[PDB]
4 protein chains.
Amino acid sequence: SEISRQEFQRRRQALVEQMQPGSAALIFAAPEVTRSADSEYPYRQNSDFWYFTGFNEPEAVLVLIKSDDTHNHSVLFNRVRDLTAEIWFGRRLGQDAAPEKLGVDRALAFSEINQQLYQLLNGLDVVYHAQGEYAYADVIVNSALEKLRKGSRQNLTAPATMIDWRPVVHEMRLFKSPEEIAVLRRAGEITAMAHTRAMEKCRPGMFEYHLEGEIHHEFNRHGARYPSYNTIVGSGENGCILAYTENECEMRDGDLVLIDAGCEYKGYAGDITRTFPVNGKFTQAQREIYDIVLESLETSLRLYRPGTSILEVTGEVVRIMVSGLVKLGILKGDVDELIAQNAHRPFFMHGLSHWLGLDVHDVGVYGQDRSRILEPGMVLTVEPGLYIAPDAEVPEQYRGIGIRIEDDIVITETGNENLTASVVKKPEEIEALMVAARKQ
Amino acid sequence: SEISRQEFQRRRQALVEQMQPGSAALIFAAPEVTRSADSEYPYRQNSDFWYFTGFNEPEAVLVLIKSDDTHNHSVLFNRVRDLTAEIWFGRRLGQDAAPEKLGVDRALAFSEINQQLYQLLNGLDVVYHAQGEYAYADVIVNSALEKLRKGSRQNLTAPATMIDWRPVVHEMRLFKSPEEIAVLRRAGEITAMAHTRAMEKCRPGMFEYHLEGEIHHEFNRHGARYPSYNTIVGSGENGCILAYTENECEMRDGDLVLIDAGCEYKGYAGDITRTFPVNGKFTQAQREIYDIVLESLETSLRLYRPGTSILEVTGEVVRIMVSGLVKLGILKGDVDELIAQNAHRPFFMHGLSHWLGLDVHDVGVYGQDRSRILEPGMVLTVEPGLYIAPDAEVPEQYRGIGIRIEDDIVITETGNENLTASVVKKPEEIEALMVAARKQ
Amino acid sequence: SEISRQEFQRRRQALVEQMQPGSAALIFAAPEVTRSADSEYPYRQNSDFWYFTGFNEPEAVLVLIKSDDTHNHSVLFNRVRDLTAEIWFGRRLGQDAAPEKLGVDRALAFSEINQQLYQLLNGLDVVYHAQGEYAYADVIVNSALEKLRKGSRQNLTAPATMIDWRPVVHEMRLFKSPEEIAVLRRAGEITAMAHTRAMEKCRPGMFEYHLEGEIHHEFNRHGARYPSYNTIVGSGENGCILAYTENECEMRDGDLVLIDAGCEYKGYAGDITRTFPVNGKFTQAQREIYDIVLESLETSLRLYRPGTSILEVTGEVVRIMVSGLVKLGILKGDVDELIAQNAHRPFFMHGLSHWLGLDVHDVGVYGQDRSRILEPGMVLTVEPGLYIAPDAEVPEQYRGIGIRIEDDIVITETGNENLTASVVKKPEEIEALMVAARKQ
Amino acid sequence: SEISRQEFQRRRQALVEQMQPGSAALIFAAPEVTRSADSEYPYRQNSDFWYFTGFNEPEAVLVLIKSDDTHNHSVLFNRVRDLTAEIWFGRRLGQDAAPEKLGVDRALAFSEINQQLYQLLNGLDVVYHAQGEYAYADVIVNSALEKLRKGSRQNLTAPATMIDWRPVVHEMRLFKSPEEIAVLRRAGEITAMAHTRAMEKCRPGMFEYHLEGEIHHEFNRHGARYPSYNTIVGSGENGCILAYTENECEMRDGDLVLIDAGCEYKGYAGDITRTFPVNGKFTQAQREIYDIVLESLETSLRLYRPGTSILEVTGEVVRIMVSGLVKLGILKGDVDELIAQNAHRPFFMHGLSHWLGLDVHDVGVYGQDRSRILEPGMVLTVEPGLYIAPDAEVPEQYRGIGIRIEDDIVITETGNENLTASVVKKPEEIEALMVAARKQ
Ligand SMILES: [Cl-]
Ligand SMILES: [Cl-]
Ligand SMILES: [Cl-]
Ligand SMILES: [Cl-]
Ligand SMILES: [Mn+2]
Ligand SMILES: [Mn+2]
Ligand SMILES: [Mn+2]
Ligand SMILES: [Mn+2]
Ligand SMILES: [Mn+2]
Ligand SMILES: [Mn+2]
Ligand SMILES: [Mn+2]
Ligand SMILES: [Mn+2]
């Protein structure tokens, strides 16, 4: 499953439909990024630029011109063919092949952008530009507008109105096409296979980073070369650090390990968390905390549907958590009073759900306190957790336990589809999986 | 093998020894780097900052103060302990633990750098600063100097002399300690194991990125979490692109595959290239080109020693290459005349050797045309190659062949030590290795 | 004559009337400007900021908030009262007095602008900002918008639409109120008195800068402390340099002197040019060129009216010039063919007319080739000239003659009013004036 | 009196003498400065650039190259000859004429500075640059150094050492040549004539700005076109504001007026303050305060000599002031105790003396608390004052009196020479001068 040229074209047209007549939208590629000295990190295209192109080169700009209500066209600026640059650093699409390959009307050399961009903006009423997204982009746009403003003797005029297209584009990205959902489904499957593998490989004495290695290898074998975010492998007390990425410790017999990892497949993020015993068997204390987090997730998965909200479902989770923590003596008092005091917050301090897509923390308006009403096509995570610090004033057997369990779902007409349920999460199923692996 | 606190301290002292009395050296950490939106790439410390600290956090500055010829001390600015920031994003060293952990005299919060740095520079004659290394660093230094310049009514004075410490520090980095050589030896071993694995795993129909996956997994299992540069897996015509990193193609029965990959182990780079038949058997044409590249490497390995130079050894390689290409009918004419015309350059267009260390293309002065006389402690690669383009005007059977073979060496009193000879390169040994793997 | 608080308020309201509901307009003061080291040039307020405030301090920002179609209000950010700063550098209006003094609703300290501006923009749809006008202003606005964009967890939202208010404001400035015309009339009178004085004071052997001194003293005595642009006193060959401001030469018996000077009175520019003989008597050659320039001006003054254009009147001037130059043998050929070839351009190389107001080259759209149809309330200059270079291929007696004659006019319902006719320009009147002065 | 080409050359050579062998010094011209929209303030050259060139154009850079201890040469970058630019905006020196005119070895177009500067710095050990002086200059220098740093393959090397030449150059400027003293003497005379004129012209009912007009006209007639700083005309309570420049009030019968004004003559500043009765007669209260300030000045003029300091002489002034204020009942208590409490500070809140030269507040190190020992060739002001605020808790008759009296002196072998004593300051002489003028 992938996103095709025709879908990128549909997206461009959908943006154009929303634009004022006599306008242009400017969408800039990500800059290359230094890792150390003359070496660069592996290139990651800007998500919005990718969304409209599927084009994985830097020094590229998509220009959508809406001349009036019926006439519109697209111009791509991108790197020229250059034999020497290509022998050294890789092939470039160039100008000749770009119109057919990407489905744009015209392509020009990026080297000519300052000589050409102002000519494309001349006489328009509106420019759509994500001001502040990239310094190099702001420089180019500001220079073009200045040339126009100062060019009345050459009969040039600048568009007086600049509109940030990010809100419009992010609202588009918030609602996935069936093709996007298919890509995210595959990302979920790939990510789930990696998590199953980590559970089957984990043994006391392995380092946290060893499970990262297994996970990243599994991503790669299915064609997801890169993770969508830095892998978290937090064993023991490290599980109480939310985005622990050091992954530097030897995993101890008797500790839990929390793994938060996701692949990036055709630009889209998977995002799964599983927590499990390093030695394949939950202790009683570990199981007691685990059960509360799992009940929170299972209830959320029953509830998520069009017409509810992340806020509403969070309320149900908070009650489950406070109730369970009271039962274990971690919290003390009346459940309703404790809920009113947000007494869960020392142990569950983050959100239940974030949007998921071309970014792991995907774009799109949540509403105040994540109250926005859910509709079909939205994709989100469900990630309750409980984190009991090593020095927490709680019964001693719970100290240093960090548990999160996270699935990715899509809202459907009739509820939700769980994209990541192919990796187990019921404690008896986790134990059975690990027992079977440990016998090999 | 690693670099210890005491060695980082020795390095700091060695720099101080070279500094003028009444001076301070300022060494800044790398900024964190965005991958997409709110997600960051895995952190990579600045090599020079790492060299003097072994400290892997951003928002840190090492200040070495040489008050006079006997008195000197060190101050680290680094991120404060903060419970909330740490629960979310990871532990921080903080100020209390830094002096003992890192072996610095004093530690202050990075948040106080603008309030404190000018006080440390006040009245000094010289400041050592790598101007232009980082924008955020230049801002801090320039602000401090401005406060001093403009502060005569407060009895403040700025050092009038600013010296770039990069030349001094890079000359230090050019000559490895025995401990650094031990780390590089391990990096070589790890990298060699990964390359052997790639050869043993490679089959027709696998994707180029599959070998990347095997390699990166092997790095990880030995505790080298990250590669030192983006892995190159160039099969068939892709092998003729020097830093081909797309690694997106299905590897064909009958093609060669060129793999250039290296681990980063305790900050240090391995860097190996091996080229081999995807199907385990060189064709005659492939073997003919391979033999020339291998003879070039083997001769270079015999020759490299104190008192010669990369330029001198390159001359020997150029003769081997021109001679071999003439014999195959790829070049035509008198060998000496062809050498004088640099007739090899269409097929061997890069340098034979680069320095190796905390960066894969390591720091240090090469001399004009890489003529600097070699001395013990220098570490460098040896990477001859021949690249015959698909459209080259040569006998047809050689078109589309890209071959490079690369080892990492250290110059010793008596010649050189090859750090990467534990992965095979003789064609009969490559074939035997692959035959044995293909039978499993 | 001046502009009052109530008029500044009317202007603010007129802008608000043009703004979208749910918007704010941001108008920034000019920065102070270094002359040398710690000394500054005399402060000149930004013309647009002045237009809406009559407030002559730096570090001030006018914010007009249009909450909806009936509700709007104004906030001024300006420097706080500060005893010490004021003892040293002068009084400040401060926050307490500003609402009554300026007629704004609220005033806040400029020091609080970053803490307050984002709160004023929060939830609005549109921000009107002159992007690129001042770096310090862009920094403030961009920072506020960034806080809002990144503040969804604090329920903050940024206006997505940014509109340059310069086109709207400059169209306002293009049409003068009766009060503005009264101020410009006084500027014209003051400027004319200064030019009359220069003619009456000029003698051979005086330096060009001496006439500048007389002019600037005359401006000052009528309460126009500063010129509206750098005074030009170009005698002899210097008159052929359009904006010659060196004014460093001894004025020679037998040369003409061209004086282009104007006062700045209550923010508004006068702009007069007169050219006259240094010794009080035009030579025949000088008179021959002068007559052509004067006929050009006199004809233009008869013609300028609503319904014509600067382009149309320029056409008449070009014919007068080509005809006269042909008669003197400076141009050769058929007048109509010469006009078609723009053969006047070596001798008359600038525009006939520019808008006049708070800037000498005032704001406002001219139309292609200054073709915009004139309407009552527009104020413009009329400044034909002929400049015959020292090395021009023309009859020798004309070489080194530079003549311009310039008046300021306002377009009225019935034609135009000349604001600067109280300084003579007929050659016999110039001679009579100078003869009378030279007898004293 | 002026500074000649040969003196500018001597200065360049004196700097070169102080430079390390294998170095270059870069001295940049001031940028042009916007007044409003497309109009600029009258150009003021950077004082340090002027000091080494006497060249009054922007877009110019002086490069002094010290190849070794015997060989050195100079290169000027400056604007090219351009017929069109010159017809419009004025003549340019250009490259052909610059070597002879300025006495530099070579001249190149400013447009070529980025193509040429790095070539001049290549292989040098040291660059002298005033970092942070001008943004445009920093950009040029940083770009050149970057080209060199990154150009090892082209055999380029950057100087590692950057030295701020400002301390060396400012120490040069601190000690005036006899020719500089002659120029400053003329500036003093011109400034004194202007102050005498202001006293002779002043009448009740004139505006403060009228005296500014008289002063500026007097500067101009002697060939000092511009003031060295913004003229202060502070009548009545305005005299209690130190740098009151509004000069907007009608001068009242019975008030004092304080005038602080100085010309700029050949780059050098005059700086005189005189305070006098608007109506020509000091009141008793006014005279009582005046006498203390005058005694302070007269004593300082007797004392200033080589071997004392501004700090030492200030001590004498403070005693005079405290003693006088006690006698009038403005201060109460023991004089020595009051001195120890710095009880004068509410009434005399600024320094007695600043250096004077190419800047009114001239460059040069003062020492802690202006304790530097004075030597021949130093030029400084002497400017005691007393400022009794309108609301001061003092006998009512002294409220609202602001008095300063300021002369410019040069330290000589035998004491000092007063450059500004040709304008009167004894109260009886001021009265006599004004009485005589008021009778005309
Ligand atoms: Cl390009
Ligand atoms: Cl901090
Ligand atoms: Cl303020
Ligand atoms: Cl130029
Ligand atoms: Mn998540
Ligand atoms: Mn997650
Ligand atoms: Mn290499
Ligand atoms: Mn390599
Ligand atoms: Mn004009
Ligand atoms: Mn004019
Ligand atoms: Mn002074
Ligand atoms: Mn003064």
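In what follows, every heavy atom counts, from backbone to side chain, and hydrogens, waters and symmetry copies are set aside. Note on naming: letters A, B, ... go to the chains in the order of the sequence lines (proteins, then strands), and numbering restarts at 1 for each one.
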Between [atom1] of [X] and [atom2] of [Y], what distance do you get to the nearest 0.5 Å?
| X | Y | atom1 | atom2 | answer |
| --- | --- | --- | --- | --- |
| D:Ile163 | B:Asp125 | CD1 | CG | 10.5 Å |
| B:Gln131 | D:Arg149 | CD | CZ | 6.5 Å |
| D:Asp138 | B:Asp138 | CG | CG | 10.5 Å |

Inset, instruction - State, with a plain yes or no, whether a side-chain heavy atom of D:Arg153 is found less than 4.5 Å away from one of B:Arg370. - result: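 In short, these two side chains touch, coming nearer than 4.5 Å.
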Inset, instruction - Measure the shortest side-chain to side-chain distance between B:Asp164 and D:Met162 over non-hydrogen atoms and say whether it is less than 4.5 angstrom. - result: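 Result no, sub-4.5 Å side-chain heavy-atom pair not found.
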Inset, instruction - Please look at B:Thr161 and chain D and tell me whether the side chain, the backbone, both or neither of the residue comes under 4.5 angstrom of a heavy atom of that chain. - result: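 Contact with chain D is through both the backbone and side chain of B:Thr161.
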